[PDB]
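Peer 1: Have a look at this one.
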Ligand SMILES: *[C@@H]1O[C@H](CO)[C@@H](O[C@@H]2O[C@H](CO)[C@@H](O[C@@H]3O[C@H](CO)[C@@H](O)[C@H](O)[C@@H]3O)[C@H](O)[C@H]2NC(C)=O)[C@H](O)[C@H]1NC(C)=O
Ligand SMILES: *[C@@H]1O[C@H](CO)[C@@H](O[C@@H]2O[C@H](CO)[C@@H](O)[C@H](O)[C@H]2NC(C)=O)[C@H](O)[C@H]1NC(C)=O
Ligand SMILES: *[C@@H]1O[C@H](CO)[C@@H](O[C@@H]2O[C@H](CO)[C@@H](O)[C@H](O)[C@H]2NC(C)=O)[C@H](O)[C@H]1NC(C)=O
Ligand SMILES: *[C@@H]1O[C@H](CO)[C@@H](O)[C@H](O)[C@H]1NC(C)=O
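Protein chains in written order, with the authors' numbering: chain F, 654 to 718; chain H, 116 to 168, 172; chain A, 25 to 98, 111 to 474; chain G, 25 to 418.
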């Protein structure tokens, strides 16, 4: 028996078909984001974060080539 | 060894000395004595890898 | 070709109905002639984009209707109406134009959830493109429940006054001539499924030895409704079935095929195999596709059935061996629009077609041959019609073929198969009287 | 068309009126909107189509009014639909919406307290950056050395993404300081004063980090750079169309008449075109590379011009031999040069083995003459064996 707190969400694929008795699931590779950011950051952008709370910090990104 | 992973590829591909420049300028000090002088030239003779950061 | 003169519109109604996934207009005109040579013709003006997609064009008199000779020609393009009993040059006449179109509009939110209402965007004229001067002209937009304009004009006139399930307005006096001054765009709720097929080929097979006619139809249907956002999820569909009652919504779950009266051997196949979810009750052939056809999806399938020939074929009176067949031009679901129809009737192998009549003006016709089972000679006579733009509800017609089929060519089928069996067995005789013994 | 967000009591619109009227000299139908004077939310979409081609955001503070007008997600959705954005910041006024929206694009402006400081007295009353620090062409290329005023400014730390197009650099001896005892935001030459960003849908953004730059009191130093910077920001200065990307056999026949084959002679031809705002001119360029490609690339060939037209300069690759590896190869030109428009042309084709007929023939090859002569000898000696065997008497 599984629970909805299991099955982590899917941020690179999206379903396009699923049969009547849920046998054959058909998924699609959704296209990479236009602004170049990774799709799990789009997924964590569009939900669950972060209760209208912020933080301002030196982003520790290294250096631009 | 704990530098970036972007300058060592560029200094390893093109043979050129990386330079070190010291700055001790200020606000209450008037100009034409502020230190903008490159003081050191290093060297490198290492081996790099693939998948650059290109 | 512009018409000169001699008609002036006193009254001019224009009622657009938008309620069944094809636009229908019922114009009602009352015309007055001018003092000149009495002319007997009329010109109805259509745009170049609407004239390409039009499927029915008819005219009545308003006193008591008989019919009129309504001819559609072949950049504003016209359609002529011919009157009997040539009219005196100063007398009022009354007139009714009906017309049925192909386009229905664009889904104005093109992405919408499956449990949500859709709204469509239709574009048309507000001032009527008449080839003549009008003195009074009222518009009436009948149809579904909610009508709303799109980019409403600043003028308080030429603005829609909403009535109970209606939308009434119009430029009401003194419109001089061809008026493309303003183009209307109206959004409206529309809960029909919007079934439309792209290519229908239907093959029928007359058979004198079996005395049966055999229908086979290949539908390539799309759903031109609004596409669904966030993709498709079986969970929301199945919960949407389990909640209540399946009201009127977009997608296609069942199709009701209205067949001729006594139909015997029903089948419903896809490309990949047959489908077992079909129910052939008396006079009605219900169909469930494999996947529910949402907005923008394709589905190509094949249905077929078998009628007796005694009620579609009739022996003529002058000669016994001359037959006249009247074929139903179109059987399908009640709410469909057909973008292409090719009706192939197949007469038997020795038939020769004399006369051909069709009630609907076709795009093309040709006579070929095609070899089916045990067509040892040239084969069946494929008389194929090509109709372009048809409506399921409107095009009630029968195609009338007059041919002959003499008994000299009726018995040539078992005699031809007898000719192959006979020459095969004499071939066996030559290969057994022949000496090869070294 | 264009849009202007601004506010009073921080930076009025009058001291920008030299540039917007310049946009009035073009065919840009401007449409202003004022914070602290308008309470209605911008209908940036009616249902699903986009009203404005552009947007220009003059400096402000983003307490509640800016999030009322444009939030971050609405601005992402505007920028993915070819919506060009020009946005400004300053240490006197850092909006929060624009700071988070730029953090989604890998551009990290300095916050409220941090200001950039350059010593050595360039002007000693305000910071000013010479034209040596312009990193990229195709946005502005200085014909001679000039200065660009920047009254009080803030630099940006940049992520190493492909899409980010740097335009101007901090003058390599600068830093940031705050009233609070926080760390320094950027180093000398790693901060960027103005930053461009080009979408994958070829939409463009310019963050430009000074309120004292675009003002009406500065045309003596930064007049042409701001006019051609605003030529670059809206897609008017450097975009590229790729018209005909066709490949065929070397003798003129197409793939349709004869499909390809291993070890075959083909030709490939693509033509580019740029747009200076008025005319499609032919695009002179090096660096364009064809790739014949499976999972791994089998050919990278630079393209020689060999052609011309009124609004297109073509490029060929020369007759090159297909690989003896069979498979389904794609023909690819990714012209991806930062500063100007990205273009991709690909065509996936099947390239098959040799047929059984299309082999070197046995009489053609010099080695098989022995065996043709011996098979012909056995056959002729067999015919004299059967005639001699029948016609003899035993
Ligand atoms: C089932 O029937 C439908 C309806 O006729 C078929 O759809 C049609 O398929 C053809 C070829 O796949 C489409 O032609 C294509 O046109 C586009 C431009 O419109 C072009 O880019 C393609 O290269 C190709 O020429 C046609 O548009 C399409 N019709 C509709 C209304 O979508 C479908 O192929 C049939 N499927 C099967 C399995 O038989
Ligand atoms: C009308 O129907 C005829 C059928 O006889 C069509 O003519 C054929 O067109 C096909 C093209 O798909 C050719 O391959 C055949 O050779 C043609 N046959 C003959 C006898 O001409 C014709 O194209 C149709 N015309 C229109 C306007 O639909
Ligand atoms: C910007 O907003 C402030 C805050 O409301 C405005 O200040 C008000 O101005 C009106 C008259 O213009 C006064 O009646 C109020 O008492 C002021 N309120 C405060 C808190 O000062 C200011 O006018 C606005 N700026 C503009 C240009 O309209
Ligand atoms: C050759 O290309 C140049 C590119 O600027 C163009 O101006 C010129 O008209 C072209 N000439 C011909 C003959 O196509």
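Don't be surprised by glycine CBs; every beta carbon is placed ideally from N, CA and C.
(1) Within 9 Å of any Cβ in chain H, is that where the Cβ of residue 184/G sits?
(2) Of the residues 283/A, 316/A, 286/A, 30/A, which one's Cα is nearest the Cα of residue 299/A?
(3) Can you tell me the Cα-Cα spacing of residue 9/G and residue 153/A, whole angstroms?
(4) Of all Cβ atoms in chain H, is any one closer than 9 Å to the Cβ of residue 121/G?
(5) Using the C-alpha atoms, what's the distance from residue 378/G back to residue 390/G?
(6) In three-state terms, what does DSSP make of residue 401/G?
(7) So what's residue 281/A in DSSP terms, helix, strand or just coil?
(8) When Cβ atoms are compared, which residues of the segment 259–275 of chain A fall closer than 7 Å to chain F?
(9) Do residue 43/G and residue 36/G have their CB atoms nearer than 9 Å?
(10) When you measure from the CB of residue 426/A to every non-hydrogen atom of ligand 1, does any distance come out below 8 Å?
(11) In whole angstroms, give me the CA-to-CA distance for residue 243/A and residue 408/A.
(12) Is there a Cβ from chain A that is less than 9 Å from the Cβ of residue 667/F?
(13) Determine the contact status of residue 52/A and residue 27/A, defining contact as a CB-CB distance below 9 Å.
(14) 9 Å is my cut-off, CB to CB: does residue 689/F come that close to chain H?
(15) Using only the heavy atoms of ligand 4, determine whether one of them is closer than 8 Å to the beta carbon of residue 308/G.
(16) Does the contact criterion of 3 or more C-beta pairs under 8 Å hold for the segment 241–251 of chain G versus the segment 267–282 of chain G?
(17) Can you name the residues that DSSP bridges to residue 289/G?
(18) Check whether the segment 385–393 of chain A and the segment 322–337 of chain A touch, using three or more Cβ-Cβ pairs below 8 Å as the test.
(19) Closer than 7 Å by C-beta to residue 198/A: which residues in its own chain qualify, once you throw out the five before and the five after it? Chain order, please.
(20) Could you check if residue 422/A belongs to the surroundings of ligand 2, using beta carbon to heavy atom distance under 8 Å?
(21) With a Cβ-Cβ cutoff of 9 Å, do residue 194/A and residue 218/A count as a contact?
(22) Given a limit of 7 Å on CB to CB distance, which residues of the segment 127–148 of chain G reach chain H?
(23) Kindly indicate if chain F contains any beta-carbon less than 9 Å away from that of residue 205/A.
(24) Under 7 Å from any heavy atom of ligand 1, by CB: list those residues in chain order, please.
(25) Report all residues from its chain with a CB closer than 8 Å to the CB of residue 328/A; omit the five preceding and five following residues, and keep chain order.
(26) Between the beta-carbon of residue 201/A and the beta-carbon of residue 178/A, is there less than 9 Å?
(27) Need the endpoints of the alpha helix (DSSP H) that residue 127/G sits in, please.
(28) Residue 93/G: beta carbon under 8 Å from a heavy atom of ligand 3?
(29) At a threshold of 8 Å, does residue 404/A count as lining ligand 2 (C-beta to nearest heavy atom)?
(30) How long is the line joining the alpha carbons of residue 120/H and residue 150/G, rounded to whole angstroms?
(31) So with CB distances below 9 Å, who are the chain G contacts of residue 714/F?
(32) Starting from residue 462/A, trace the alpha helix (DSSP H) both ways and give me its first and last residue.
(33) When DSSP labels each residue in this structure, what does residue 89/G get in the three-state scheme?
(34) Cβ of residue 138/H less than 9 Å from any chain G Cβ?
(35) Taking any Cβ of chain F, which residues in the segment 94–108 of chain G have a Cβ under 7 Å from it, in chain order?
(36) Regarding residue 332/G and ligand 3, is the C-beta to nearest heavy atom distance less than 8 Å?
Peer 2: Put simply:
(1) yes
(2) 316/A
(3) Since the first and last residues shown for chain G are 25 and 418, residue 9/G lies out of range.
(4) no
(5) 21 Å
(6) helix
(7) coil
(8) 267, 268, 269, 270
(9) no
(10) no
(11) 12 Å
(12) yes
(13) no
(14) no
(15) yes
(16) no
(17) 345/G
(18) no
(19) 183
(20) yes
(21) yes
(22) 143, 144, 145
(23) no
(24) 234/A, 235/A, 256/A, 258/A, 307/A, 334/A, 336/A
(25) 273, 287, 288, 289
(26) yes
(27) 120–128
(28) no
(29) yes
(30) 36 Å
(31) 130, 132, 181, 182, 183, 184
(32) 448–466
(33) helix
(34) yes
(35) 104
(36) no
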